[PDB]
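*Asks:* Sequence and experimental coordinates follow.
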Amino acid sequence: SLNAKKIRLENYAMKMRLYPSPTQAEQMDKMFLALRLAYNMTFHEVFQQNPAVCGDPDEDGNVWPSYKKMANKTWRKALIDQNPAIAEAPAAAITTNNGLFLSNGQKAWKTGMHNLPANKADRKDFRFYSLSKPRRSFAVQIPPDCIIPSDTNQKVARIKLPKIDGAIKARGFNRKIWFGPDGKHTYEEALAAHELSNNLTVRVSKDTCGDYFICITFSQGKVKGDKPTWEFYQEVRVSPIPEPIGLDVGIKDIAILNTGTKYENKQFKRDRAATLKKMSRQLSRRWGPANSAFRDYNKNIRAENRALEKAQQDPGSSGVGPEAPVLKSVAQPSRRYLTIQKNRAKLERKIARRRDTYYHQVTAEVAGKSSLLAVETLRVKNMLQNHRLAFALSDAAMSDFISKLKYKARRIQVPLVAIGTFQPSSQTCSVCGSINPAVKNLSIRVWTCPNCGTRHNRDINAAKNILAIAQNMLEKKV
DNA sequence: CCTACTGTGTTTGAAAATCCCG
RNA sequence: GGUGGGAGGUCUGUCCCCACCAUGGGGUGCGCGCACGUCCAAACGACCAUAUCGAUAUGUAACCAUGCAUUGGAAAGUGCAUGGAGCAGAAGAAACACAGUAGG
DNA sequence: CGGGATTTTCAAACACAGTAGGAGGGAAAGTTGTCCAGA
């Protein structure tokens, strides 16, 4: 009867929605600014070849940044010496294994700059933190003593982060998680029984609009042998009698299963496309950025500011009061622009959330029933070759669906067998597999097979063929 | 001529040592 | 009753709440009314008021309770400090980096 | 003065440049009206 079954999972990440009083929000975004300034100062000093940061020079004369030299007190005290808006970041948010320099800078230099030394690697191809990409995280380590739920309710918390005061009110526990060895304890029971970690990672990430999400991540730090260092369970509902399932996707659909059920892609992109164009041409004529009529004003004022500063500093000698240096301001987007920007951002977030929840529901439904997933591909680049699906999958991001199927097939260990998109899936039949080249075109919906078939739906036939192929390759290993 | 979703890969703390306002 | 919406982590409907479109026409039936299923006309991220060239700006909304200062003789609000926020059915793994891409 | 809170150490430094020819359905453009969009 689709009952909930507790399953041990590797590394959970609770997704909540904090409610920080204005002071707490101010402290959080000041910490985001502190992390971005540490990022910028470090990676702008690596290109000046500062001996404090650069690692051991090699015998060839090359100079690399070594990340162990980059996470000591002396560096942070130099940083606070330069500017006072840099110590507000948590110390554990910068130096720890899951902080700003062994988790973000490491991957960034390993991927963007191809792991090349600072003397050879180029600068203008590396993306820093600025108004385009501010720092949307910081991963402190807290004790469960700072994670206090509420018992009058059954979904609310009380989280007080380091360096901040007020016990920020979380919301929405995933209470279907269970602690202890057999998953029979609530959070308070395991906190009192001492079967939980001490320093927990909360990766406080703010979304595009002000929405101070928190991620109280769990883990199994050491799983030496088979027992993890920590144990907890999570319950999801699985069909009483699962069967192998093959999935198909159509232009007018979002998913079709071999059982017969068909799911409709609401496809919100065109649904709100009229209002989308409304607000697009709205902000395209506003008085701030993303305008093409106020950027030029901002560039002009910045250029004249720098030119006058250069022509007043050296030629004027800055003795006591030479000339009259005026700076004014770089101008800001207007409130009327601001309200419409925030409303439109809420709208793209609304389609994002609607689509995300819809795919979450679809994946949750299929994953429990599917004892053996038989989807074709694990990537979208094999679905865009014919250009027919691209027009729909551009609006419906199917790679997120791929990822959701991937990690919801893993928590039950549901296999996900993938095969190449080259077989005569359309030509073959569900009964005898007779090859008919006329079916290749998508427009055919009903085609009576000459021998013993009627084939009123291609989607069922294709899913049947894919499932049969997946079974056959299991029967004889390739 | 500038903003913004996305496709893809990777990753997910414990423990001595030092500090700070009742 | 529909139109779009705001809070209850997210979605569907209701709950509470924000600004609008109709009181219409009609295909077929029953005895001027009722309409068996429809469809159209709407309302679409506010509406107002202001000034200066539809649209640019500005004062601006979407749950309940407590306390504080304020507007208030009031009735009820403003700001601040908090707290509380369902119901029926669904789900509830996130963060980082790279770039192309689409929009105007 | 003192007991929990923050905070350094484990613990570990360096990727990118290569080379074509393999498969198929999706596809019209380009009007002056009414109003539209900024004007």
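*Replies:* Perfect, thanks for sending it. Residues are numbered from 1 along each chain as shown, chains lettered A, B, ... in the order given.

*Asks:* how about the residues of the stretch 251-400 of chain A that lie near RNA strand C?
*Replies:* Neighbours of RNA strand C within the stretch 251-400 of chain A, by Cβ under 7 Å from any atom of the strand: A:272, A:274-275, A:277-282, A:284-288, A:290, A:292, A:334-340, A:342-344, A:346-347, A:350, A:353-354, A:356-358, A:360-361, A:363-365, A:394. Heads up, the C-betas are built off the backbone N, CA and C, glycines and all.

*Asks:* one more time with 6 Å
*Replies:* The stretch 251-400 of chain A comes close to RNA strand C at residues A:275, A:277-278, A:280-282, A:284-287, A:292, A:334-337, A:339-340, A:343, A:346-347, A:350, A:353-354, A:357, A:360-361, A:364, as judged by Cβ under 6 Å from any atom of the strand.

*Asks:* Near residue A:147, how many other residues are there?
*Replies:* By other Cβ atoms under 10 Å, the residues close to residue A:147 number 19.

*Asks:* Tell me who's in contact with it.
*Replies:* With contacts defined as Cβ atoms under 8 Å, 6 or more residues apart in numbering, residue A:147 is in contact with A:157-159, A:187, A:191, A:200, A:216.

*Asks:* ok, 7 Å please
*Replies:* Counting by Cβ atoms under 7 Å, 6 or more residues apart in numbering, residue A:147 makes contact with A:157, A:159, A:200, A:216.

*Asks:* And for residue A:31?
*Replies:* A:88-90, A:138.

*Asks:* run the last query once more with 6 Å
*Replies:* A:88-89, A:138 (Cβ atoms under 6 Å, 6 or more residues apart in numbering).

*Asks:* Spell out which residues of the stretch 351-478 of chain A are next to DNA strand D.
*Replies:* Within reach of DNA strand D by Cβ under 6 Å from any atom of the strand, the stretch 351-478 of chain A has these residues: A:385-388, A:440-443.

*Asks:* Buried only: go through the residues of the stretch 251-400 of chain A next to RNA strand C for me.
*Replies:* Among those, the ones that count as buried by 16 or more other Cβ atoms under 10 Å are A:282, A:286-287, A:337, A:340.

*Asks:* can I get the residues you listed in a markdown table with secondary structure and distance to DNA strand D?
*Replies:* Listed next are those as a markdown table, based on DSSP: H, G, I helix; E, B strand; the rest coil; distance: Cβ to the nearest atom of the strand, whole Å:
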| residue | secondary structure | distance to DNA strand D |
| --- | --- | --- |
| A:282 | helix | 8 |
| A:286 | coil | 11 |
| A:287 | coil | 12 |
| A:337 | helix | 14 |
| A:340 | helix | 13 |
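
*Asks:* Give me every residue in the stretch 201-350 of chain A lying close to DNA strand D.
*Replies:* Counting by Cβ under 6 Å from any atom of the strand, the stretch 201-350 of chain A sits next to DNA strand D at A:281, A:285.

*Asks:* And the strands in the stretch 201-350 of chain A?
*Replies:* Here the stretch 201-350 of chain A has its strands, by DSSP state E, counting those that start in this stretch, at A:205-206, A:212-213, A:215-217, A:232-238, A:243-245, A:247-248, A:255-257, A:262-263.

*Asks:* now, of those, which is deepest in the fold?
*Replies:* Of the strands of the stretch 201-350 of chain A, the one with the most neighbours on average (mean count of other Cβ atoms under 10 Å) is strand A:247-248, at a mean of 24.

*Asks:* coming back round to it: out of the residues of the stretch 251-400 of chain A next to RNA strand C, list just those in helices.
*Replies:* Of these, the ones assigned to helices by DSSP state H are A:275, A:277-278, A:280-282, A:335-337, A:339-340, A:343, A:346-347, A:350, A:353-354, A:357, A:360-361, A:364.

*Asks:* Going by distance to DNA strand D, which of the contacts of residue A:31 wins?
*Replies:* Closest approach to DNA strand D among those (Cβ to the nearest atom of the strand): residue A:89, at 8.6 Å.

*Asks:* Which ones among the residues of the stretch 251-400 of chain A next to RNA strand C also lie next to DNA strand B?
*Replies:* Okay, of these touching DNA strand B (Cβ under 6 Å from any atom of the strand), that's residue A:292.

*Asks:* wait, what's in contact with residue A:258?
*Replies:* Residues in contact with residue A:258 (Cβ under 6 Å, 6+ apart) are A:245-246, A:463-464, A:467.

*Asks:* Same list, these, but as a markdown table with distance to residue A:153 please.
*Replies:* Below are the contacts of residue A:258 laid out as a markdown table (distance: Cβ to Cβ, whole Å):
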| residue | distance to residue A:153 |
| --- | --- |
| A:245 | 38 |
| A:246 | 43 |
| A:463 | 44 |
| A:464 | 48 |
| A:467 | 45 |
